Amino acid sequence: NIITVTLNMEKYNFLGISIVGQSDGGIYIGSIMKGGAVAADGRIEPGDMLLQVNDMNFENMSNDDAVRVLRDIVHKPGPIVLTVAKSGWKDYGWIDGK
């Protein structure tokens, strides 16, 4: 149901995730970039709902506030701990690809 992941932000230098807001319902992992810390770890998937990053818990903030705070946190060097709710969502990428 819930998974917490501590990301290797020394080896990897970026999370490599997009965010989708649903409404406010919450913010969700949209796409994952191969080569980033989240892809490396492997436990988080597209459609998972983001609950907390570091000391910032998103459950009682607006989607826009959540993404604002998330951006600020991920652009400070240092450790990143993400907690998600494991929520049938497949990313096919750009249709203009082979």
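Don't overthink the numbering: it's just position in the shown sequence, from 1. Take the two forms, find the largest set of C-alpha atoms that superpose within 1.5 Å, and that set is the rigid core.
**Q** Which stretch is more displaced from the shown form in 4 other deposited structures of this protein, 40 to 48 or 53 to 61, with RMS over structures and residues of Cα positions after a rigid core fit?
**A** Looking at 40 to 48 versus 53 to 61 in 4 other deposited structures of this protein, the farther one turns out to be 53 to 61.
**Q** Do the Cα atoms of 66 to 74 or those of 30 to 38 sit farther, on average, from the shown form in 4 other deposited structures of this protein after fitting on the core?
**A** Higher root mean square deviation of C-alphas in 4 other deposited structures of this protein is shown by 66 to 74.
**Q** Compared with other deposited entries of this protein, is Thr83 missing coordinates in at least a third of those that cover its neighbours?
**A** Comparison shows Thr83 kept in all of the other entries.
**Q** Other compared entries: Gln22 unbuilt in at least a third?
**A** Across the other compared entries, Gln22 is absent from none.
**Q** Quick check on the record: how many residues from the deposited sequence are absent from the model between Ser23 and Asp24 (none, 1 to 3, 4 to 9, 10 or more)?
**A** Count of unmodelled residues in between: 4 to 9.
**Q** With respect to the deposited sequence, how many residues separating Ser18 from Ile19 are not represented by coordinates: none, 1 to 3, 4 to 9, or 10 or more?
**A** The entry has no unmodelled residues between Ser18 and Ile19.
**Q** Highest mean C-alpha temperature factor of the two stretches 34 to 42 and 69 to 77, which is it?
**A** It is 69 to 77 that shows the higher mean C-alpha B-factor.
**Q** Tell me which stretch has the larger mean Cα B-factor in this entry, 44 to 52 or 23 to 31.
**A** So the stretch with the higher mean C-alpha B-factor is 23 to 31.
**Q** Consider only the C-alpha atoms of the modelled residues in this chain, order them by B-factor as the entry records it, and name the third containing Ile2: lowest, middle or highest.
**A** Middle third by C-alpha B-factor.
**Q** Ordered by C-alpha B-factor within the chain, which third holds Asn63? Give me lowest, middle or highest, please.
**A** Lowest third, going by the recorded CA B-factors of the chain.
**Q** How does the C-alpha B factor of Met9 compare with the rest of the chain: lowest, middle or highest third?
**A** CA B-factor rank for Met9: highest third.
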